[PDB]
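Structural overview for review
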2 protein chains.
Amino acid sequence: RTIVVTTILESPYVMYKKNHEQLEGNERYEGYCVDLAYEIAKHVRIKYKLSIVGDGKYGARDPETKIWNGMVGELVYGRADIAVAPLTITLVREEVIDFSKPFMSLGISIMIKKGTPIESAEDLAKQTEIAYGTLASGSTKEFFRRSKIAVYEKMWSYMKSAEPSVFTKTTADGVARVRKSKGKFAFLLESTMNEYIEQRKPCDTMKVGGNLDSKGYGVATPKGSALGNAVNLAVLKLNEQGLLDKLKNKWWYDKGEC
Amino acid sequence: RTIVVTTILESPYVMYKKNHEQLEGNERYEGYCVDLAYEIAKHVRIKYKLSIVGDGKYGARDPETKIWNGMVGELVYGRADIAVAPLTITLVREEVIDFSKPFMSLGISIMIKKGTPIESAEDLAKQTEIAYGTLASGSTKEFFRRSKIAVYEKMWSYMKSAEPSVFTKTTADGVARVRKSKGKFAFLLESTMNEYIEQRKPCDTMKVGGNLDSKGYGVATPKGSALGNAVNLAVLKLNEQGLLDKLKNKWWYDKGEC
Ligand SMILES: C=C(C)[C@H]1CN[C@H](C(=O)O)[C@H]1CC(=O)O
Ligand SMILES: C=C(C)[C@H]1CN[C@H](C(=O)O)[C@H]1CC(=O)O
Ligand SMILES: [Zn+2]
Ligand SMILES: [Zn+2]
Ligand SMILES: [Zn+2]
Ligand SMILES: [Zn+2]
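Residues numbered from 1 in each chain as written, not as in the entry; some residues may be left out. Chains lettered and ligands numbered in written order. Heavy atoms only, no water. Residues with missing side-chain atoms left out of burial classes, pairs and counts.

**Overview of the coordination of the zinc ion (ligand 3)**
Residue and element names in this part refer to chain A. In plain terms, the rule: Donor atoms are limited to N, O and S found within 2.8 Å of the metal ion, a distance that becomes 3.2 Å for Na, K and Ca. With water left out, some sites might look partial. Where helices and strands are cited, they refer to DSSP runs of H or I of at least four residues and of E of at least two residues respectively, numbered from the N terminus. Exposure classes here rest on a 1.4 Å probe applied to the protein chains alone. A residue is buried below 20% of its type maximum, exposed above 50%, and partly exposed in between.
Protein ligation of the zinc ion (ligand 3) involves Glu-39 (OE) and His-43 (NE2), the donor distances falling in the range 2.2 to 2.3 Å. You can see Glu-39 and its partner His-43 sitting in helix α1 (residues 32–44), four residues apart, about one turn around the helix. For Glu-39, a relative accessible area of 13% puts it in the buried group. For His-43, a relative accessible area of 38% corresponds to the partly exposed category.

Structure below.
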């Protein structure tokens, strides 16, 4: 049986090769998560087909409908066998799918254009001339919506009502907005994407300060999957043999431009 | 039923309260893991008894007998329901028991007596007047035993044959040895204990340089145990509510003496 592995387009995790229309199946993708999926499949000893999540979403549960969407929905409801992506391990998700141990560690962080006079979340919260916001959905925005920490409530209260809306739909847009705002827009995103962008050629962005929390990305399987054990053990093996670190360096630093 | 929670005496995770003989049950211990276990029990609504592992070991498979010892042994042989302790998540353990997502993050690190002329693993490897070693058994030792990185092969090559033995039976042993060797002994231990010792007293040791790798502690349960799922959820919950951060500050830094 060919395992259906669901993923999502996000640099440098999963990307279309330049000639992808002249290629087929797995070959048309490249990235960190493409290499991981391959490694995982090797050690789990399985055939797999990569497939892009139909609705292009990570996974959230509808307030009223209460149905899960995205990659999480595809795992829960029988569309896919495993998800390999920058899917943040969170309580709400783990309640309905299983996550392997983290294959990558991360935290919420601040991206600014070099020269911007802010150096921490407090600096942002005590001012207004510099706008800031998160992705329009995902674990980062949820982190802010739920926080009861003084500076983060305040940042949430501000973000909610700010318009022009501070929320953007993609990482590409948050970044493009940082670069084009002449130091008037920050951008809160996962430290991993921050570090990636840092090495991208205009070299005019930078992470500032420390992370706001400590998370990880995990490989996901439907709860009770006969694959869950093998997948988790493969991730650990790949970690201990240092291959996860080599893939991070390859996609983040060897290919960096700054 | 009452749940047996196996654990081990290791500061500041599990320690005896000064007047422990005048107290009974779980009340006679304090520390980070005692707090963690309390929290996990409240949310995974269960009664529990803290049980200090009989052999005072963490968990390794005897080469000839092939029997698992220590906390891992408790779980494998069905004598404990869950293990809460500075138990490193590793592939060899995960083959036989289950781990939660990491409740703490760590790396292998160096501990010197202040004023010792070394600052990296390399500095250690390229010299001989300063002796160094690891705990007599555990994940750390294994990291060196299996490393294929030249500098670590070399350090391991040396630690194998050095005499007197450079391996210590306990953390306290390694620390007493560092303090009493006047600069001639350096201790390769987990960054977490290193950081605790440095804030402890007298105030004569420090962590130096970066970590040689990156791992975490997990709460463990018997492989395929119904309890596993809810325990892992409790850990994610405590991570998100920020209680793991609080607890770490409580036992490492709020009490700092240096
Ligand atoms: C790219 C997106 C929308 C994802 C990636 N990880 C997070 C998640 O798994 O929710 C989201 C980013 C964020 O929330 O900052
Ligand atoms: C304290 C001891 C012997 C433990 C703690 N975690 C590691 C483990 O779980 O094996 C060991 C330390 C180490 O290996 O440096
Ligand atoms: Zn491989
Ligand atoms: Zn608007
Ligand atoms: Zn609680
Ligand atoms: Zn000897």
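**Quick word on helix α1 (residues 32–43) of chain B**
Residues and elements named next belong to chain B. Formally: Multiplying one less than the number of residues by 1.5 Å gives the expected span of a helix. We call two residues in contact when some of their heavy atoms are within 4.5 Å.
The end-to-end C-alpha separation of α1 is 17 Å, in line with the 16 Å expected for 12 residues at 1.5 Å each. With nine of 12 residues buried, α1 lies mostly within the body of the structure. For α1, every residue scored as buried is listed here: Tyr-32, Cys-33, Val-34, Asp-35, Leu-36, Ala-37, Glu-39, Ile-40 and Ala-41. On its buried face, α1 sits against β3 (29–30), β4 (48–52), β5 (82–83), β7 (104–106), α9 (226–240) and α10 (243–253).

**Considerations on the pattern of salt bridges**
All names here are of chain B. How we decide: Every case where a carboxyl oxygen of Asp or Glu lies within 4 Å of a side-chain nitrogen of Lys or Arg is listed as a salt bridge.
If you walk through the whole model with that rule in mind, you get 25 salt bridges over all chains. Across the salt bridge formed by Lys-42 and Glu-39, the nearest N and O atoms sit 3.5 Å from each other. You can see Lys-42 and its partner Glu-39 sitting in helix α1, three residues apart, about one turn around the helix. The salt bridge partner of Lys-148 is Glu-153, with a shortest N-O separation of 3.4 Å. We classify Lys-148 as exposed; its relative accessible area is 67%.

**Quick word on the packing of aromatic side chains**
Given two aromatic rings, their pairing is described by the distance between the two centres and the angle made by the two planes. Residue and element names in this part refer to chain A. Note the cut-off: Ring pairs shown here join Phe, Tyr and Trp side chains whose ring centres sit within 6.5 Å, with only the six-membered ring taken for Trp; geometry is labelled stacked below 30 degrees between planes, edge-to-face above 60, and tilted in between. Consider the ring centre and the ring normal. A charge sits over the ring if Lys NZ or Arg CZ is within 6 Å of that centre and within 35 degrees of that normal.
Enumeration according to the criterion identifies 27 aromatic pairs over all chains in this entry. Here the aromatic rings of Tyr-13 and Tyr-32 are separated by 6.2 Å at their centres, their planes lie at 75 degrees, and the arrangement is edge-to-face. Highlighted residues: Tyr-13 in the loop between β1 (2–7) and β2 (15–16) and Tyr-32 in helix α1, separated in sequence by 19 residues. Note on accessibility: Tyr-13 and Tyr-32 belong to one class, buried. A cation over an aromatic ring shows up here: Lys-248 above the ring of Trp-252, its NZ or CZ 5.7 Å from the ring centre.

**Brief notes about the sheet that holds strand β8 (residues 108–113) of chain B**
Residue and element names in this part refer to chain B. What counts here: At least two bridges found by DSSP between two strands is the condition for calling them paired. Only C-alpha atoms enter the line fits that serve as axes; for helices the fit covers just the stretch in contact. Angles between N-to-C directions range over 0 to 180 degrees.
Within the open sheet, the four strands sit side by side as β9-β10-β8-β11. Their pairing is mixed. The two strands at the open ends of the sheet, each matched to only one other strand, are β9 (131–133) and β11 (205–208). Across the sheet, the axes of successive neighbouring strands diverge by a mean angle of 30 degrees, strand direction being ignored. Where β8 and strand β10 (residues 185–190) come together, four bridges link them in antiparallel fashion. Following the sheet pairing, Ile-110 is matched in β10 by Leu-188. Together, β8 and β10 form the strand contacts of helix α5 (residues 139–146), whose direction differs from that of β10 by roughly 105 degrees.

**A few points about helix α6 (residues 150–161) of chain A**
Residues and elements named next belong to chain A. Short version of the rule: Working note: the arc is built from the helix axis to C-beta atom directions.
Its 12 residues give α6 an end-to-end C-alpha distance of 17 Å, which sits within 8% of 16 Å, the value for a rise of 1.5 Å per residue. Taken together, the buried positions of α6 are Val-151, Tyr-152, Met-155, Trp-156 and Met-159. Buried residues of α6, seen end-on, are gathered within an arc of 135 degrees and therefore sit on one face of the element. Exposed residues on α6 whose side chains face more than 90 degrees from its buried face are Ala-150, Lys-160 and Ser-161. Tucked into the core, α6 has its buried residues touching α4 (121–125), α5 (139–146) and β9 (188–190).

**So, the relation of the copies chain A and chain B**
What counts here: Alignment of copies: least-squares superposition over the C-alpha atoms.
Mapping chain A onto chain B calls for a rotation angle of 178 degrees and an axial translation of 0.3 Å; the resulting RMSD is 0.5 Å. Taken together, the rotation angle and the small translation identify this as a two-fold axis. Scanning chain A for the C-alpha nearest the rotation axis identifies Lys-101 of chain A, at a separation of 3.1 Å. A share of 94% of the interface residues of chain A reappears at the interface of chain B, consistent with the copies meeting face to face through the same patch.

**Here's the deal with the site of ligand 1**
Residues and elements named next belong to chain A. Under the convention used in this document: We define proximity as follows: a residue is near a molecule or strand when any one of its heavy atoms falls within 4 Å of that partner. We call two N or O atoms a polar contact when they sit within 3.5 Å, provided that within protein one can donate a hydrogen and the other can accept it, with sequence-adjacent residues counted only if both atoms are side-chain atoms. Only the protein chains shown count as cover for residues, with accessible areas throughout obtained via the Shrake-Rupley method and a probe of 1.4 Å. Three residue categories are used. Nonpolar comprises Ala, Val, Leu, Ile, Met, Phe, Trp, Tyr, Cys and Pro, charged comprises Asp, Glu, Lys and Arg, and polar comprises the others, including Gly. Each domain's extent was defined by an automatic or database domain assignment.
Among the 13 residues in the neighbourhood of ligand 1, the closest are listed as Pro-86, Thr-88, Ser-139, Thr-140 and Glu-190. A distance of 2.9 Å is found between an oxygen atom of ligand 1 and a backbone nitrogen or oxygen belonging to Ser-139. Side-chain polar atom of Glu-190 to a nitrogen atom of ligand 1: 3.0 Å apart, as the coordinates give it. When ligand 1 sits alone it has 380 Å² of accessible area, and the protein chains cover 93% of it. Grouping the amino acids of the shell around ligand 1 by side-chain chemistry returns five nonpolar, five polar and three charged. If you count residues domain by domain, the shell around ligand 1 takes at least three from each of domain 1 (1–106 + 216–255) and domain 2 (107–215).

**What about the nonpolar core?**
Formally: Joining through side-chain atoms within 4.5 Å is the link that ties buried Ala, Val, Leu, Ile, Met, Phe, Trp, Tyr and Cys residues into a set, and such a set is a nonpolar core.
Among the nonpolar cores identified, the biggest contains 65 residues, and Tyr-32, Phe-103, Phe-144 and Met-155 of chain A are the most heavily contacted of them. Two domains each provide a minimum of three residues to this core, namely domain 1 (1–106 + 216–255) and domain 2 (107–215) of chain A. Residue contacts for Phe-144 of chain A: discarding those within four places in its chain leaves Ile-108, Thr-134, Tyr-152, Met-155, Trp-156, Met-159, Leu-188 and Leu-212 of chain A. Listed in part, the 63 residues of the second largest apolar core include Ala-37, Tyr-48, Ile-112 and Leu-188 of chain B.

**Considering the packing of α1 of chain A against helix α10 (residues 243–254) of chain A**
All names here are of chain A. The test is simple: Note on terminology: angles under 35 degrees are roughly parallel, angles over 145 are roughly antiparallel, angles of 65 to 115 are roughly perpendicular, and the others are oblique. If you view the pair so one helix is near and one far, a crossing is left-handed when the near helix is turned anticlockwise from the far one by less than a right angle, and right-handed when it is turned clockwise.
One can describe the packing of α1 onto α10 by two numbers: an axis separation of 10 Å at closest approach and a directional angle of 155 degrees. With respect to their mutual orientation, α1 and α10 come out roughly antiparallel. For the pair α1 and α10, the crossing hand works out as right-handed. Between α1 and α10, the residues in contact are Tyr-32, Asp-35, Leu-36 and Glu-39 and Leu-243, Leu-244, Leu-247, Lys-248, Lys-250, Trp-251 and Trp-252, respectively. Broken down by class, the residue content of the contact of α1 with α10 amounts to seven nonpolar, no polar and four charged.

**With respect to the domain arrangement of chain A**
Residues and elements named next belong to chain A. Short version of the rule: Buried area adds together the accessible area that both of two parts lose upon being put together, with accessible area traced by a 1.4 Å probe.
By the assigned domains, chain A splits into domain 1 (1–106 + 216–255) and domain 2 (107–215). Using C-alpha coordinates to define each centre, domain 1 is positioned 25 Å away from domain 2. Domain 1 puts 18 residues into the contact, and the matching count from domain 2 is 14 residues. Across the domain 1/domain 2 interface, buried area totals approximately 1200 Å², and carbon plus sulfur atoms make up 54% of it. Between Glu-195 and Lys-248 there is a salt bridge, with the nearest N and O atoms lying 3.3 Å from each other. Looking at the side of domain 1 that touches domain 2, the elements that each hand over two or more residues are β7 (104–106), β11 (215–217) and α10.

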